[PDB]
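One chain is shown next in structure tokens, namely the form deposited in one PDB entry.
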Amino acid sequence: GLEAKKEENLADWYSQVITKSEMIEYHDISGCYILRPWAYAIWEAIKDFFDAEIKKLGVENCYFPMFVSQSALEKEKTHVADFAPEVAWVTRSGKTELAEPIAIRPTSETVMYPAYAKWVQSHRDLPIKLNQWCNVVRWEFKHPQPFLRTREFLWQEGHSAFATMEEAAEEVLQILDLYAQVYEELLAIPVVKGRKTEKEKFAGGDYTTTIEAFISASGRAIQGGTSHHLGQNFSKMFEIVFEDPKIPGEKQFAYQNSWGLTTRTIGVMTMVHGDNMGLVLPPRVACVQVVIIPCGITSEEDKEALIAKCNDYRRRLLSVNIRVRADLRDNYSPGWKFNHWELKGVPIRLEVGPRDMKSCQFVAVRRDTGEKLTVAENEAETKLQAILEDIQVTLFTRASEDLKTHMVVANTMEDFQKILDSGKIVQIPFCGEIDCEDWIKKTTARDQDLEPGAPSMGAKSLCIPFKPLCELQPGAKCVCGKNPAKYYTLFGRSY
């Protein structure tokens, strides 16, 4: 049974939920977590969708080494200046010192782009569109959080190289739209699409696009995924050059993107939809969508028939592409099974007892609302499908409502401060400068009016939304007062 309450101690609730749902186990090293099957299956559902979608775009999967040489790691100055403090270094094998230290990838731009340089000789060798599913290591000494912010994590990183800026620009937004589909259609989490500010953009990149999710339980926002246009910044450093004989002699540098998505998805899903009974799985990613549990059973051969009827429902659901398990163990009581599968967030519990079997009916119990329904055996495939779809809509609708009551506009620093301290994220007119962003962080921390159990921190930028709530009026001032605003920018306390 779950006893930690989400609105009381969020961090302890989160830890109880991810362990009792059998999603996470703690490793004997700090910041290292084990993905047990219940969580890994969500990642695999995400993988299946995104893999199919990028393959439609011409992207192919591959696998590049996990190690970088010091020489390659340092060829793009901005990139390495940003990643160097958290790059983990292998310096020996057994007791034998290595030829030279080699680094574990924090990201694979510097692993992959020397090979791209070899592969690009003429204009027809482009585009190059590669993806890999792998682990990366970002060894920060700040406090880790399972799924949300870890030293090692699973992800996918896509890397594409084009002869023209137009093709690259097109791909950046296509990928970002796929990440939005992952969050909104699979995980039932609404997100805000936008551009990262100058301060927050990928070091070494031209510009970074992003999707941002809002976690109302902490009132904080978090980046769900990211799609960068790298311009020619890496092609010039790694010599990814072609010669088009229609532009004789002139070396031409490829235009590049990289884009990434991680198992942070599963953490956001946990934080958004979880409740005080435990995890709540959107049916689109649930490892088990329907769990069948036999009740009653306090007369043999009926008990033998009851088990048979549970397996009948199981086969009927398997036949219609509903993912189903029959918890037929006798080693545990029906109540223990109810609790076990509620903790795990199974969308529907299918209860079968003797009376209902002899009456050609069953009971379906929805996990999002607890609502109980009696269904005729004949309708099992239809109604369950309906309920599954309805659950997915409900989860999304609720999450959407929370986002829209918690994201509002403010046009002055004082209104921004007050709204922010009330637990919301705010679209403000913004001049765009890094220095002004720093000042916003510092002063929104300095001026914070604390609300009970609210996070103590300054506001950061989240994204410049593609579709802001309001149109920037002509000659509007930034909240800094001294510069004209360039755009509405979403700000909030964030992970």
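Think of the rigid core as the biggest set of C-alphas that the two forms share within 1.5 Å after superposition. Throughout, we count residues from 1 along the sequence that is shown.
The same protein also has a form deposited in another entry, omitted here; what follows describes it.
- Core-based superposition between this form and the one not shown leaves all of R355, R329, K142, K118 but one with CA shifts under 2 Å; the exception is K142.
- Once the rigid core is overlaid between this form and the one not shown, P37 does not reach a Cα shift of 2 Å, moving by less than that.
- The rigid-core alignment places the CA of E451 2 Å or more apart between this form and the one not shown.
- Relative to the displayed conformation, the Cα-Cα distance from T443 to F141 shrinks by 3 Å or more in the other entry.
- Between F141 and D438, the C-alpha separation shrinks by 3 Å or more in the other entry, relative to the conformation displayed.
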